[PDB]
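Each chain is listed here by its residues.
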Amino acid sequence: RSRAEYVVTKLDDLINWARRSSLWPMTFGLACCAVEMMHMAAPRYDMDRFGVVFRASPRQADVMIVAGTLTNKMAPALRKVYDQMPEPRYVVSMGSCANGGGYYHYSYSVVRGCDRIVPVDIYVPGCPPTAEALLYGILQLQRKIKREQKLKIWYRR
Amino acid sequence: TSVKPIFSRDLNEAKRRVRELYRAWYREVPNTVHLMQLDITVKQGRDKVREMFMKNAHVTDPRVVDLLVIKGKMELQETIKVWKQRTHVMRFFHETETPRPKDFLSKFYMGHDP
Amino acid sequence: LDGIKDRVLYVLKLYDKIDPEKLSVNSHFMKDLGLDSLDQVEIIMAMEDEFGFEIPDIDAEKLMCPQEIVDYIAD
Amino acid sequence: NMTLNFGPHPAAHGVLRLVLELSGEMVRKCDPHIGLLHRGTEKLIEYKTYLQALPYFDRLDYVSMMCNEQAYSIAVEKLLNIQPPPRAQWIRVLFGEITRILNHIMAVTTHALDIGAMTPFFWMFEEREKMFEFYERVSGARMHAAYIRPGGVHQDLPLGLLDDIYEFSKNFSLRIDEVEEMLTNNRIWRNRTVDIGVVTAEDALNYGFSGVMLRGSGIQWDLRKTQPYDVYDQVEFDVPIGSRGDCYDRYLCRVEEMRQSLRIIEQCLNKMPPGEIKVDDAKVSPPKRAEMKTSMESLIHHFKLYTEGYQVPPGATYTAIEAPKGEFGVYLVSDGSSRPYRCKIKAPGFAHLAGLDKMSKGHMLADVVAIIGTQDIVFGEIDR
Amino acid sequence: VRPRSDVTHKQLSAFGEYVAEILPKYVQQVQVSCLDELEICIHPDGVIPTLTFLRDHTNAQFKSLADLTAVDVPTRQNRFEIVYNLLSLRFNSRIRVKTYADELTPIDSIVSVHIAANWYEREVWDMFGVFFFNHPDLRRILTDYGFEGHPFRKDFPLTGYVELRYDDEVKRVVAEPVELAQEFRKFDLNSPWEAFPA
Amino acid sequence: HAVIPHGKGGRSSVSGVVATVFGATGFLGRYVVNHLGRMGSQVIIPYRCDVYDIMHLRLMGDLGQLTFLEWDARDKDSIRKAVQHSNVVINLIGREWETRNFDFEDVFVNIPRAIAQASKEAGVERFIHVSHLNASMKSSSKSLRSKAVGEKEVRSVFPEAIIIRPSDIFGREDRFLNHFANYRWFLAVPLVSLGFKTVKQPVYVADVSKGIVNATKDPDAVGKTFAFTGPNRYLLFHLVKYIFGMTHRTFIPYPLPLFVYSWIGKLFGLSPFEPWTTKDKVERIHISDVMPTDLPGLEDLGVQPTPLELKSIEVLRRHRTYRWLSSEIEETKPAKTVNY
Amino acid sequence: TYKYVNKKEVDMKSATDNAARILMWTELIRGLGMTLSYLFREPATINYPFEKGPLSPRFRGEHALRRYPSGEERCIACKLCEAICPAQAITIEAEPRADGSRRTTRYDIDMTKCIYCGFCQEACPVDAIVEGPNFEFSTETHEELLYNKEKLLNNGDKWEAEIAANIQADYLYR
Ligand SMILES: CCCCCCCCCCCCCCCCCC(=O)OC[C@H](COP(=O)(O)OCCN)OC(=O)CCCCCCCCCCCCCCCCC
Ligand SMILES: NC(=O)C1=CN([C@@H]2O[C@H](COP(=O)(O)OP(=O)(O)OC[C@H]3O[C@@H](n4cnc5c(N)ncnc54)[C@H](OP(=O)(O)O)[C@@H]3O)[C@@H](O)[C@H]2O)C=CC1
Ligand SMILES: COC1=C(OC)C(=O)C(CC=C(C)C)=C(C)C1=O
Ligand code: SF4
Ligand code: SF4
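Residues numbered from 1 in each chain as written, not as in the entry; some residues may be left out. Chains lettered and ligands numbered in written order. Part of a larger assembly, values for the part shown. Heavy atoms only, no water.

- cryo-EM is the method the PDB entry lists for this structure, together with a resolution of 3.4 Å.

- Going by what the PDB entry lists, chain G is known as NADH dehydrogenase [ubiquinone] iron-sulfur protein 8, mitochondrial and is assigned to Mus musculus.
- This deposition appears in the PDB under the title "Respiratory complex Peripheral Arm of CI, close form A, focus-refined map of type IA, Wild type mouse under Cold Acclimation".
- Note on chain G: under the UniProt heading Function (literature references left out), the record states "Core subunit of the mitochondrial membrane respiratory chain NADH dehydrogenase (Complex I) which catalyzes electron transfer from NADH through the respiratory chain, using ubiquinone as an electron acceptor. Essential for the catalytic activity and assembly of complex I (By similarity)."
- Database annotation for chain G, UniProt heading Subcellular location: "Mitochondrion inner membrane". (UniProt positions renumbered as here; feature names shortened; annotations may be inferred.)

- Under the PDB entry, the name given to chain F is NADH dehydrogenase [ubiquinone] 1 alpha subcomplex subunit 9, mitochondrial, and the source organism is Mus musculus.
- Quoted verbatim from the Function field of the UniProt record, the comment on chain F reads "Accessory subunit of the mitochondrial membrane respiratory chain NADH dehydrogenase (Complex I), that is believed not to be involved in catalysis. Complex I functions in the transfer of electrons from NADH to the respiratory chain. The immediate electron acceptor for the enzyme is believed to be ubiquinone."
- Of chain F, the UniProt comment under Subunit (literature references left out) reads exactly: "Complex I is composed of 45 different subunits. This a component of the hydrophobic protein fraction (By similarity). Interacts with BLOC1S1 (By similarity). Interacts with SLC2A4 (By similarity). Interacts with CLOCK (By similarity). Interacts with RAB5IF."

Some thoughts on the interface of chain G and chain E
Okay, so step 1: Chain G puts six residues into the contact, and the matching count from chain E is four residues.
Okay, so step 2: The interface formed by chain G and chain E includes one salt bridge.
Okay, so step 3: With its nearest N and O atoms 3.4 Å apart, the salt bridge here joins G:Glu82 to E:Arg185.
Okay, so step 4: By residue class, the composition of the side of chain G that touches chain E is two nonpolar, two polar and two charged. (Contact = heavy atoms within 4.5 Å. Salt bridge = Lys/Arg side-chain N within 4 Å of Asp/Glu carboxyl O. Nonpolar A, V, L, I, M, F, W, Y, C, P; charged D, E, K, R; others polar.)

Let's talk about the site of ligand 5
Okay, so step 1: Inspection of the region around ligand 5 gives G:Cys75, G:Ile76, G:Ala77, G:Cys78, G:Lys79, G:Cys81, G:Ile92, G:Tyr107, G:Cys124, G:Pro125, G:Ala128 and G:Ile129 as its neighbouring residues.
Okay, so step 2: Counted by class, the shell around ligand 5 contains eleven nonpolar, no polar and one charged residues. (Near = heavy atom within 4 Å.)

Re a nonpolar patch on the surface
Residues and elements named next belong to chain B.
Okay, so step 1: Where nonpolar side chains cluster on the molecular surface, the patch consists of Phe-104, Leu-105, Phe-108, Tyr-109 and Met-110 and spans about 640 Å² of accessible area.
Okay, so step 2: Here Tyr-109 is to be found in helix 5 (residues 104-109).
Okay, so step 3: Among the residues examined, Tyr-109 registers a relative accessible area of 62% and is labelled exposed. (Patch = residues over 30% accessible without salt bridge, like charges linked within 9 Å, V, L, I, M, F, W, Y side chains within 5 Å. Areas by Shrake-Rupley, 256 points an atom, 1.4 Å probe, with all protein chains shown as cover. Helix = DSSP H or I, 4+ residues; strand = E, 2+ residues; numbered from the N terminus. Buried < 20%, exposed > 50% of the residue type's maximum accessible area, 1.4 Å probe, protein only.)

Focus: the side chain of F:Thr278
Okay, so step 1: Its place among the elements puts F:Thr278 in the loop between helix 9 (258-270) and helix 10 (279-285).
Okay, so step 2: The class for F:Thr278 is buried, based on a relative accessible area of 9%.

Observations regarding the packing of aromatic side chains
Okay, so step 1: Inspection of the entire model under this criterion finds 61 aromatic pairs over all chains.
Okay, so step 2: When the ring of D:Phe132 is compared with that of D:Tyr135, the centres are 6.5 Å apart and the planes differ by 45 degrees; the resulting orientation is tilted. In this pair, D:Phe132 and D:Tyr135 both sit in helix 5 (residues 119-138), three residues apart, roughly one turn of the helix. Exposure class is identical for D:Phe132 and D:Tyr135. Each is buried.
Okay, so step 3: Between F:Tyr183 and F:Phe186, the aromatic rings sit 5.4 Å apart at their centres with planes inclined by 55 degrees, giving tilted as the arrangement.
Okay, so step 4: F:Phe186 gets classed as partly exposed once you look at its relative accessible area, which sits at 28%.
Okay, so step 5: Through a chain of ring-to-ring contacts, the aromatic side chains of F:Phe176, F:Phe180, F:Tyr183, F:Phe186, F:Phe268 and F:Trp276 assemble into a single cluster.
Okay, so step 6: Note that D:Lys225 overlies the ring of D:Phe237, its terminal NZ or CZ placed 3.9 Å from the centroid.
Okay, so step 7: Taking the ring centre of D:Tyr341 as reference, the NZ or CZ of E:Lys154 above it sits at 4.3 Å. (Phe/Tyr/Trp six-rings, centres within 6.5 Å; stacked < 30°, edge-to-face > 60°. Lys NZ or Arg CZ within 6 Å of the ring centre and 35° of its normal.)

Below, the structure is given as structure tokens:
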């Protein structure tokens, strides 16, 4: 087909496939939910298998997984690093301590959620969110990206 | 009464330190604004410093004044060495908060308890 | 020797929270100007920058007189 | 010495604003910053009942999830002058040790990842994984179990766990052996680790190191042999003391306690008694659900225990165990109320970090990375 | 019932007198808890002297400081109760020396006696506000850089007075007075019936 | 229909303003949602941009304060459901470029008229319509002339609908200030009439936003056509140089006939991806600011304007070279004010 | 009982042995052999969507509210599940239903606040609130994570068959 609509959608998809197949994460590793992510990186549940690299610096990172309490002192940093990433960037909040406040919600030093400091795309629940659950959450980010249609909106704009 | 002394036996011996800190803070403001690239005036910053020092102008007890500058000196050491960042400094210059009125009409109109 | 007074007078009026044409050498920062204790501190500091010499913590306490400041700066 | 604010994502557990002044590649002074993970754990506990503060301890240093719980347990048991039942004690030593392995696999393999060796981590994280499964099939959670409660364990082991904690133990050794063939004698591990961060014996006691860090310097102190807690007295193990204390020697010590813990686990499987896993005082331990659903005194005791609490007698105690990192102690001051008054958690780690300055002197940037590893710093315990 | 070993209760009691005699000054209310634990209590001025004797005495070597903490009894005139827990590797024993300090009456620092205290003393200042003279470098260890108020004081609100969010207008994180969306439900738990003390 | 305002005034509090805001993704918009969210108002943000782009708005709103509904301008039904449950409708729908599928008249006049018609049907208490300052049906730039046609129509679809009419806006991410500063790439910075006789009065974005928000919560404004203007006027010359001044980049004002220049705008306009300059822009830029004769805006609506020099440092800092970024505004020289 | 982890003649045989170790990197080659060995071992990873890591009956996972077979919801609003929740997550307000029975008008578990301790599972007398097996409930928006009675009751109905099997397996232990 040559209708430019079918010409575009297809192109967008390719773009989405590339970003969704290779997501390079970065793990601030606040707290413990970091241990449950290292497990994902580990052999039972290989993250790489999916195209997720075990480690990445902020410049080269597609997704930031905030694992653990985002305390008030670390809150300015989180932002900095979120602000130091590329134009196509995403945030997967991991842990009840970062989805909301978690056990430490009423504390004076804990931000009640990272979505008060960085926009969050997928919220993975559980105190130590199971590694399979993170993997489920990373896979749902992949379905979120697949649906994104950036060029078709350009074309229809 | 009958209280052991922390730093100054008497207030006139403590004001001294208060001033010295005042000197130190005075000079610091300019450097901070530049290093932390803040959106504030050198004079503006120096104004805030004045505000703070004066806020606690009422304290009459020597011991309280001494610990206040103990706290004050650590404050500028973190302000210097850029341990505090722009976000921790600009907070002094409160922003994004609707100053709450103190006029009774204002309190009566908005807010159940004054 | 007067040149010091010439510079000292220039510094006092420039801050502009003092000496609105009431600047006098005998005038005392605390005694008649009413400038605050702290403000004086600012003043002495000011004088230090223009003079290029930083006066100690204490002697600032003794001089509230521009003329006396010129007295000390000359020393 | 241009401050590099070296730190946060660095090579630490997320938070180390390790501000450092370095003349080129030499470290002149290290001033670690802490509190990037302060969360209020000590103040929050004052507003919670004893049983609802147990989950906080698992989060204090969560690599060592349970061993921490044992310290609060012991502490609350002392204040009540109640002691667990015999089977529960062995359990706590069984899962106490399994947890030590879990911590050492974390400490040795994460140490290497920062050094640059990445294959040991994947090799042993698979073994870790298998252990987590023990936790899950005993507690319900992979980590953050809440299994060791103040009066014993929560629920007896599933019918079949012991057998599997055997198959694993029967083999884990080879897995430690492998790591060895990759790092113990690597012509290169030794270099980056040997003679780095040597700590004298007198200085280690002075800075309150109290852990492998002391044991590595040759001081012989294992709170588990010196002041036995639970039934660690009935087992037989050898403390792995070290000489020429340095990053390499202490490492060897951590690999050796992984080995000695398998000796303690074996015994616990060989000699765990038939019995109950929680004190029979409905006063301290919650009544069994069949009992609370058929007996009035049990419902009343279930209702009061869950809603209000233990009501510990007024007193204060400092009880310290040998958590994998080092001496983990809870100073729990308690009024007669059901909720504690103070609970300072002594973290093996607040003392160790402090030593970073006195250990990493005249050292290169890479040396600092090696020393943070040889202290097993989990910022949860330090920040609390 | 815990397996108390009276053998201990006695030996530690005997040491408690030993210390009380050795330092009649600065030491009062020495008592061995029913938990086989000793807790010499010293006048705040005896901080340096009592510790040093325990760190360097042949019959009582207490080399490492397990912990330095400060309970806060608001009722007590001297609000804080600095507690130092010390361990004897040689004698396999532990002891507690606890002093009292009010908010603006500082305690001496023992960084000299044990350098372990360099950090814990900073921790006590940050949380409770007690000040330690002669400390090498007192400065917040756990609280935020700009934090105002000492958090573990019983008179400090749990949630605190300030919380942080990112504001676009100013493109920077910004404190605001705390506004909580579900206040901490303060369950009253004390029962109006006591337990006849054994 | 209302929501008693309870709370202390910050996030997690309630103000009772449920408001559809169709063009929130915009530079002005971003700010409008900021205050509305800060105040605690219920904000419904219609969007046709992809979800990734709308993310920046999520964090300033409290939990449940912001609702994002999809919407298409050509499809009348989308506007219908957006205003179903709103009681305040704010229209910020404009684009300075004329895109292939939406012609200047359609975005400025057709889309607002339909939106205003919908809320009269819905029963929204008040509608705020935003049109550019100095806009007359026989003016120079089509954009402005059209916008002028628009303010009229919407009055008939929605009577007593407030019509704030802002000047070109000064703010980070604005064009007025960044555009000129970005002339750096161009070796020479063309300025019609060598940047003279087109005195301009900028207005900080926030001032505009706060003003707009205050409108939503004030009975005094009905049928009012406020004009947020600014705290000081300027001949385009000082503005241009000043900008280059803070940016610390050389300035070469070069005279170039607007005749030929309208052609340069045509050139960029030709470009497919968001033309940087617009024929309609060019005219606008050299379209002199009109003296305030309409309803007073800022101050009148409760916010004291903020001088340009005060916040300019923040807007132009990124335009600056690596060096000179620590240069601050008070050591630099503030340009003179020409009221003319 | 203690042990010395690293506590310690020069003969040509010895030296030549040691020199060869430094010169031809003998121990380094030893390390390469170990990794080559595993390259030949079967990888332990699982196809995550197709094959799932095993979780036994006590796995806490996601909260659900059960119902009596008859169809009457088990919860009788005693509200001690609220009392023992460590995080303050569960909010319960109740009123007598017209039937005269006692039921919860609003039961809201804030899952972002919840730290999945499993005490609520423990505390309930009728065992109405249970830790359900599902761990995969990641949500695009924060609001979805907050759960009211209808979501939990719906969660309970969906997973009741497995929840019943799981409670069946572990109740003797409790
Ligand atoms: C008549 C006869 C005339 C000739 C006489 C000849 C006499 C016999 C030959 C003598 C020299 C033999 C060895 C030459 C190469 C090795 C040189 C050497 O000494 O290696 C340097 C280093 C030593 O190790 P280190 O402990 O750091 O140093 C101790 C002393 N300071 O070693 C290292 O650090 C090595 C680090 C290696 C890291 C990567 C290892 C990769 C190993 C696998 C690949 C091995 C090479 C494969 C080559 C394939 C073909 C090209
Ligand atoms: N900044 C300026 O130059 C000034 C602007 N104004 C007025 O204020 C209003 C806001 O200004 P500003 O924020 O700069 O404008 P923007 O260029 O930022 O655009 C405003 C919004 O309009 C939306 N929009 C544009 N075209 C369409 C369309 N065809 N259908 C649906 N939505 C559309 C855009 O959404 P999206 O991009 O997602 O499609 C955008 O979010 C404008 O309408 C303008 O008339 C007044 C004075 C100065
Ligand atoms: C030994 O310390 C470290 C951690 O704790 C184990 C981390 O979580 C992290 C975070 C990295 C991941 C992959 C979670 C780093 C970098 C680290 O150095
Ligand atoms: S959520 Fe549970 S696990 Fe993740 S950080 Fe908070 S506590 Fe540790
Ligand atoms: S405990 Fe079980 S029954 Fe009682 S309220 Fe909580 S859930 Fe409903």
